[PDB]
There are 6 protein chains.
Amino acid sequence: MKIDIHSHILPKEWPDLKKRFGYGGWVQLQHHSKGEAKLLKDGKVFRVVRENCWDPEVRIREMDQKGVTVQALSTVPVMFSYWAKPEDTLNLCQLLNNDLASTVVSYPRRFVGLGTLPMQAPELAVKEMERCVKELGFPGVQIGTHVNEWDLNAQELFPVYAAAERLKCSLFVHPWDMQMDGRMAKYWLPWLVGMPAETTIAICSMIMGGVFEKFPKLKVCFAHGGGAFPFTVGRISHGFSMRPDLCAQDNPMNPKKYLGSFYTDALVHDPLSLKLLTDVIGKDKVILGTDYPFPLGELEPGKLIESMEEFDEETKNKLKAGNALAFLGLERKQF
Amino acid sequence: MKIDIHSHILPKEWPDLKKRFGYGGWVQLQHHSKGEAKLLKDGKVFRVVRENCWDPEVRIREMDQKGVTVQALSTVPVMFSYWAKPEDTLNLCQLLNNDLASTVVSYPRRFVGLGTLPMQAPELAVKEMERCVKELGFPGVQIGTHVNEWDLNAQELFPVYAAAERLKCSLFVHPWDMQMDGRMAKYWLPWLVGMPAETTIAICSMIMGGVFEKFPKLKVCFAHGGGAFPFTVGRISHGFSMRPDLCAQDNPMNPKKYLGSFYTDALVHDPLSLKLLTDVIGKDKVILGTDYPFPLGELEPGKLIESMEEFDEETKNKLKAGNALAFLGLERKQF
Amino acid sequence: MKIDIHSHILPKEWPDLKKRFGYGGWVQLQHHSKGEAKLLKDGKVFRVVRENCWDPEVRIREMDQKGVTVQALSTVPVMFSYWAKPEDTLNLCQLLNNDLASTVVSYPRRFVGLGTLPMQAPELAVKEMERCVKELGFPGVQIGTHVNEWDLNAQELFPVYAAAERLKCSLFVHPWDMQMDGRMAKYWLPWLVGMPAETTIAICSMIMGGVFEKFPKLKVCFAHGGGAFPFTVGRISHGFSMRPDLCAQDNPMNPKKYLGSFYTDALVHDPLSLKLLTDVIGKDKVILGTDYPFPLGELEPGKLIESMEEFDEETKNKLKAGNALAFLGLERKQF
Amino acid sequence: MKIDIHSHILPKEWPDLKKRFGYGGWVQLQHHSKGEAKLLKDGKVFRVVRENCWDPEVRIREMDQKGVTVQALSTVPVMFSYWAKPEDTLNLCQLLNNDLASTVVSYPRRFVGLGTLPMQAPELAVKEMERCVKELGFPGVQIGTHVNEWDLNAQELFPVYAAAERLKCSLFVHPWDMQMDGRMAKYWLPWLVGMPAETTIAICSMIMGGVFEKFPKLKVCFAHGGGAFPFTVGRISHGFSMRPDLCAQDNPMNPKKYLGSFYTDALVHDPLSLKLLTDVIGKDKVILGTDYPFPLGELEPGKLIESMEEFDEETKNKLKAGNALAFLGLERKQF
Amino acid sequence: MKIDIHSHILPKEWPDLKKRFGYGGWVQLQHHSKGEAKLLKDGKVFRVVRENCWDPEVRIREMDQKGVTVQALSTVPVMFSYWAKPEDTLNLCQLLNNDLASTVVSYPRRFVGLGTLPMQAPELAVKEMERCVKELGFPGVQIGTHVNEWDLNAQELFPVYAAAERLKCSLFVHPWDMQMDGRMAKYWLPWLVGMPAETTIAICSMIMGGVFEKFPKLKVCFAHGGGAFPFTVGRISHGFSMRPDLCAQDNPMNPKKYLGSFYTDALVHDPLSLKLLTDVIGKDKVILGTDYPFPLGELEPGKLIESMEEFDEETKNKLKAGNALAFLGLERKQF
Amino acid sequence: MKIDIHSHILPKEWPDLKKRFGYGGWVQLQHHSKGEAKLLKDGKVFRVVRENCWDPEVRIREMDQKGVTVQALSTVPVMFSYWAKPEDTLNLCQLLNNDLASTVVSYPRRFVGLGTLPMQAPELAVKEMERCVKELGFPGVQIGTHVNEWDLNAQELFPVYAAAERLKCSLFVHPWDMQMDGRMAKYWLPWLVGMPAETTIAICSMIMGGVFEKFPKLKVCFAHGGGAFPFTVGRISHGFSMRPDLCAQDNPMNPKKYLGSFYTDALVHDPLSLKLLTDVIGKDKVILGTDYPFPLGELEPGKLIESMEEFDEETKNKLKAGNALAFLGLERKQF
Ligand SMILES: [Zn+2]
Ligand SMILES: [Zn+2]
Ligand SMILES: [Zn+2]
Ligand SMILES: [Zn+2]
Ligand SMILES: [Zn+2]
Ligand SMILES: [Zn+2]
């Protein structure tokens, strides 16, 4: 109920991507009733959204009612498009980042922007990142948990982390491209189980890949409370100790040593989970995030935090806004 | 350190299965050096094990040294063989279940058996389960988290559940058949991450598949503290409420209402995780299990539980033996 | 440097009061560091303290170094809790009073206790004052400068004064509940200016309220040299003379006639102020008090008194100890 | 008995201000009888006054009798009207300031004027000050201890301070708008305690607001001997040093450094208080002021100063007239 | 159901005694789980107690429900520490006695204190008794049935008895330090058999030591209905008459002569035993005692006494309270 | 005054057991006054015995005057010799038992024999018991309260109880091997206190060991009225109910339920003790026994019983002879 690090927004409209690039697989936003729209992917309706998914005016009103001071605006992860031709993804990114920035310019005290990057093309990614930071004023970017067959340990991605560290660009890591078919095509498993699993993999990949070691000043936040990591860290740490031949060939330090090296959002829904999150990740490293405006998010921003008997007000203020400011490298004076 | 619900054993030898059944893909145990052996899985060393993996006397020595009163013996999950022809899997199950039974006969106050079933063939599975319970005297069986393309919600598996409820046969669900390749091939991910994710899916599938509702007297225990479930239950339960169209077509009950309806082992390694586990699953529902004799399990059986200052004696006693006895439906007198 | 009539202490721990009583607004002590703790007011820090605030052995050690023979121990004024439900305030008083008594038992030659009362419920206050004096052996109590809407002239409080007179219970009056917000939120104004003004109001209210006239044997000591009163008494006295319609309908004696009829502590920091204080209040009515262990108090107890070339040695000894013994009705022999 | 820096006067008549401006809350003077009149502020009688409150000839007769050479005339503080519309307050100021000027014009050897300003509107205040100074020939103005929610540290008022320093317009600060109701509704507390408290706040605000530091040639005089300040400066100075985090964020210099940086009137009623006042504020900085014609003031002007055993004649002449001339920037042959 | 002579209490916390004294072997109380604390003696938890063992509010509540008017509070016998350095046992006694005094002063109508002494050092014991009686106001002390190698006949202990007789300090003698190992290591024998036997030895040692002869005004009460003494007194008294050379060297009077010379508690569980006790010790010398809060005690205080159909009301009132008052030299009125 | 169940006798002479066996420690008898003698433990004297301790005529003489019809003759407890090498103990037993039988031959209407057994070697013991019963005609045996470390609950001793129960051989349990040194080396404590405590332990051991439960036809009599047991049974029964984890793991039934399952002698000296004995154990289960010819025994056999006017003739006759006959399995005709 001050800062929302984890919220998604789309332009109200964008050009026909298949016409523009010449191949399909892209997503389009289709208005059909008033206040509602459908996301389509070359046939099937992928998702139904309301006006709050694109109209900043609608958003600030809801934000006012819920006590949210500022949302960090990122695109919807389906937009990542890491699978496409590198310049076409770059072309979509620039469209999406410009749209984000234009929203931010309209309400500089209610919004910051987290840009998207053509991660399948590292040199291109680095330059769009410099542009988001130097030109658009963005404090960071949102990237997926993996880039095609690259997990975040991939040395192909090291130029991206280097630039991010140098530019002081923060990385919000969002799970995407879970298995959607086969056994996972029931009970909403890719969102309920697959995303937390993606995030756990990403965390393990950066730790055991040495990313945090090689880039000690890189600021990273993971979505949904780090997925399963705060609970399974015991297993992950014990395994690493037991088979260094399988786990330690890239980075010899136990994953335990990295607790306190990264942030997670606070989006875990239940009080017992939130308490464990802060016990493992640290009261300084957990950031209120909401998945606004999506149903699987916290419908009442900061309300779980507000209800925690155990948290003193200093702690609650950290989770609500303080940690987000530190993660984004911003000062209170702006909001 | 009273009772270990989670322990694996193998016969010291068994026939060439490739020659026996006519096709490859099976595992053999080879005694390459004294007190050690290799598990071969066509061409490669799947795992290296010591004599405690096959020798009951060695096990009993190690049990005494650690204050373990009884081990529930199950096969090594790689032996499930659900991919094979049903009569062949059944023939192997019989060999493995018979060998387990011999071990229990020789040391009845130190061992109980959990059999293995040809799960890909439900009718054959019911018959072997009948055999394990009636003829072999097993209080339960160990099954995997999925059977080829079937998750545990599969209506095909319903006769297996009905028979287990009937026979008062407990089920120990063990993650197996995770993704071993692609992105999962590095950093021991299939054990560290793939396994708890498999267990989360299995719990979700039994809940949302309506297994616990249809069979309310069926006793089920999940491995590794239920994977990620105690941490992510908030998400899963919230998601269920938000998308009944995806999550509630087979069973209308919210997943949270099955907290207290099933068991998990206590194998989560860290005290914070063990506390959350007991907080979520319940003190009557968490069972000491060790993954003996594998190094990814607990080196010192019950040590974690005993170190928990928050638990009183009677709680610790439940965790160490009482819950296992309740789960298996056995009595203290006899051990 | 003999007796300190103005010193505060807290128990090292006490129950969660919000849970015990059912509503918030209470204070707790949080031990968060090495020899350091914070007073929290519903999770919000309002004072940081050190072990000398709760540890009698640490206090004795500092007293020894400073040459302090005895401290009159009272609770921290924020603990008064006059705003709460009467039986809840009473329950907290009994807890704080019992604690004070146990500290005096440990060091009967180094401490006396000044108890706290549920002043908003005068009949409960009379009963707890009887307990403090008759059973706990306190020479007096500390009370606030006002009780919600009641200033100290309130006839509702007359039974408390009547009991105090009977019991020979001294009253140490401490300013509290000043306006903290609005214009007063800056520059530590509630402490630097608000507190002296509260005490001036209290003195004016006891005088014009006829309290000293109705209860001629009542012994009252005001904190911080009586606030602004010693300086502004000329104005108050002249005003009373000019508008008896506003000032004298409860008590006809001019306030100036009451100089010499009550005590103040000597905590005014400056020699010119100390000299005026003794000129106005009287050499037999000024008592050394330090506000230990708070930094706004006198860092070297008795040092200002000792530095006064205006005072002879007999006068310094009155201010250092003699007057305190007379106020409290104790004999030097027992210290 | 030479110069009275502190005396109030009203026009004998002024228009209905409610009808003039469109809203109530204003004060009116109604001559109910012979040499008597009442101040009304919608419904109640704020104050009863005599002819000496408006009639200059009458005032001069009493001046001659008391040996007062000159009165500095200011409006009654209730007339400040800082709560009204800025343009309306200014209109009233102009009316009151013009009236003051007319009275001085009648007896330029017996009166000087201190104007009133629309302080809630700093631009309009600077303009009317320039006017008072450049056209009406006033040596200074009288303003309140605070301006609605603004204390005298308020950055908003800096343009006013800058103009006063530039115009060499002295400031007389008079307490007003103290709390009138609640606990303060009794025993004339707003005048006897509230006013000295307001003045103490004003002094602290100007000091810790850095006013005297940024406007080193600003001439300021506070009413009633500076409230409580000369007695409590010890507490204020010690607290400043102990909590610079609260007190020093606008001006890091200790309050004690500013003794001698400002004046106060000598209106403290008692010799012990007058001596302390000059000991603290300085013999060159204390100015005879009487609060004529109000009863709470000094009834025999200068009598207290003249009776001062401890003062030599040169010091008395300073308190009686010398210091006023210095404060106002005027010369003894104006009179 | 009026007075309980026999109850034990501990402070909620005490310092690390090993740390304090330089050597181990002391007991500490650990608060690890809720409403429950572990008594730790180097290495081992030897007893688990609940909150009634240290929280007087909890005790008062259970007292009210049981109809118990007053408890005589004594420490747990394990705290006797007669084996340590005299000055260190004295240091511990002072801390334990001050705590008892503090509890008593909080409910002086509901508790009296029986203090503990450093009995292995008779001079130190005398001075602490003096303090317990004169300074703390205890009516008596609790001591063990033997002090290292001294039984209660030891000449070394005579200054203690003389002191107690002088001060009218009653003695409550409690068995402790029984053999715990060997044949006594089964069936709870040290408590069921060893404790009554210790008491029998103590009574024999004090009679045949002449303690009662040489201090005929010394008041002594023994625990658990005097152990086996009421039943075995015939054999003891006959053995005395038979071998005066072994038994009568220190005191020539037959043990029967001291029947009526001392008290016992009524804690013998059975009505036949209770009847014999009163027949042998006397209806004036038997005191209701409960061993609260230990389970070997009387669960429903005074219920055995009230069920005795043979006793008249006067006798029941004596057993329940009158005899206690006589033994303590207290009066009905103060409760 | 009819049958004495409890009398001791020795042969006039026996060999040198040290020479006979190869090691010392033993006891031999040595005359020194034509009817007085000495018992010797390898050099020194622990007992002064008379003619009646070996000479049957002297005994019948004394028996005739005291009105004693028959004495059950047992060896003196020092002779048990349970420590020594079992093959040697079997030997000495046969010597002692043969001597007993000889004495019975001389007066078959005045004496029965109670044999002794090599208790440390239960196989050798069963054999000697069959001999005693089958060839010597004894109705029972006398055994100590413990065998080395074995208490009577020891499983090792179970073949004996089976044998005794089989052969209908009554057991008289006599305390022996008390602690002689340390604290018990004064005031004749081993006999006065140590002996009754040994018996209490033996009874507890037999009840909680399951002895009476497993052998419901075993006839057992304890010496000295059961020690403390009749009086402390309340304590023992209550403790058993409170801590079944300590007391109830060998036999679940409460000790109270065995009242009436065994016998005791009537040697308790005092009428109040005798009455309690018959109240708790039952009039059918108390047996006149004298401890002849020892001073600690009863001088006037049956006098105590005869003095109990609360007993009728029938009761007194049971206590004097009838219970003894039932216990020994003998008919009155024989005598
Ligand atoms: Zn999201
Ligand atoms: Zn396993
Ligand atoms: Zn204070
Ligand atoms: Zn004025
Ligand atoms: Zn006790
Ligand atoms: Zn005997």
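Order of appearance sets the numbers: ligands from 1, and atoms from 1 within every ligand. Letters A, B, ... mirror the listed sequences (proteins, then strands); counts begin at 1.
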### Message
Ring centres under 6.0 Å, that's the criterion: do A:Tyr82 and A:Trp176 meet it?
### Response
no
### Query
When the ring centroid of A:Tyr292 is compared with that of A:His8, is the distance short of 6.0 Å?
no
### Task
Not counting sequence neighbours, which residues clear side-chain contact (heavy atoms from CB on, under 4.5 Å) with A:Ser273? List them please.
A:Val268, A:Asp270, B:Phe231
#### Entry: Pairs meeting criterion salt bridge (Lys or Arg N to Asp or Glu O under 4.0 Å) with involvement of residues 188-198 of chain A, two or more places apart
A:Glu198-B:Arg183
### Task
Can you list, by chain and residue number, the protein N, O or S atoms under 2.8 Å from the Zn ion (ligand 3)?
C:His6 NE2, C:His8 NE2, C:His174 NE2, C:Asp291 OD1
### Message
Between E:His269 and E:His224, is the ring centroid distance below 6.0 Å?
### Response
no
### Message
Test of understanding: with side-chain hydrogen bond (donor to acceptor under 3.5 Å, both in side chains), list the residues that count as partners of A:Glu300, not counting sequence neighbours.
### Response
A:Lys66
